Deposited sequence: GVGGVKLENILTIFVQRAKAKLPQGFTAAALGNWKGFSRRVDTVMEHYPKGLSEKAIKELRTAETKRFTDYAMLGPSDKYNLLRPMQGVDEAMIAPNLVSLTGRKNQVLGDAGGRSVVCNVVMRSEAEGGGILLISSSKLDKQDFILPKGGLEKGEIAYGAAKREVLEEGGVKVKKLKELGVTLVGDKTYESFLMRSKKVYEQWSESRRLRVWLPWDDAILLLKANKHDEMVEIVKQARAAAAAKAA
């Protein structure tokens, strides 16, 4: 799994060999930075497809760079700041901050393919999951599932197929199969890493971290999409 160690020994050696105030671009052209991204990419399981391994690598990149430039990340304030985002690209959030809702967001092949998986808000943890939330008192489980992904994963989605209620341990899970409409450049938990992987790779990576409920939902929603 995770390693907050390398995050600290990266920012000590990156502070050292680099001019103070070093650019986003400056840290990247650095030679040791690429060596580290290599290091963690090994930790992912084998058999991961080419286009998936690429997709993850960009995420580690995002992680290490965000960690260098903005530090570590608390849970109350997961916003990574951005200049140069036309308002069309920013999630429209003036927010307010067991049962479980849970999404399988599909993107059109036109737009790229696969299904959204995201990082936990503990970004020194190397954990990729489905967008999953709980419900507010009185909230229809679909209005909740929509609300959660626009926040944790910053994507406007619209329901394809309701996958219905199922039971893991003490908890009832209601799952959806969804269509992304708009993907926002800036959303309220920007620090997290968004990856869109193919159906067979998502299954692999979620089983890799013992997320056995989410493998069944993915298998579930997968055959539903195929059904059309």
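Stretches of the deposited sequence lacking C-alpha coordinates, numbered from 1: 1 to 4, 102 to 114, 246 to 247.
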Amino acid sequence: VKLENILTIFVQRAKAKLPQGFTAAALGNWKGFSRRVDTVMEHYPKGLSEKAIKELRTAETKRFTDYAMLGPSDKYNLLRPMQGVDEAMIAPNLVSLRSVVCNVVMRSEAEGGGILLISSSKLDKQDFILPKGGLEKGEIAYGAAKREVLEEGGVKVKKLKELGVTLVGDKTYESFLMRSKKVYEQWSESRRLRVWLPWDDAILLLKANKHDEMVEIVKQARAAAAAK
From here on, numbers count along this sequence of modelled residues.
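In this entry, 81 to 89 has the higher mean Cα B-factor, the comparison being between 112 to 120 and 81 to 89. In this crystal structure, the stretch out of 130 to 138 and 72 to 80 whose C-alpha atoms carry the higher mean B factor is 72 to 80. Comparing the C-alpha B-factors of 59, 203, 26, 197 in the entry, the top value falls on 26. Residue-level inspection of the entry shows that, of 63, 179, 182, 36, 36 has the top Cα B-factor.
Ranked by C-alpha B-factor against the other modelled residues of its chain, residue 169 falls in the middle third. Ranked by C-alpha B-factor against the other modelled residues of its chain, residue 191 falls in the middle third.
For residue 163, the recorded CA B-factor ranks within the lowest third of the chain. Only modelled residues enter the ranking. Annotation for residue 16: CA B-factor lies in the highest third of the chain's modelled residues.
When the CA B factors of the chain's modelled residues are split into thirds, the value for residue 9 lands in the highest one.
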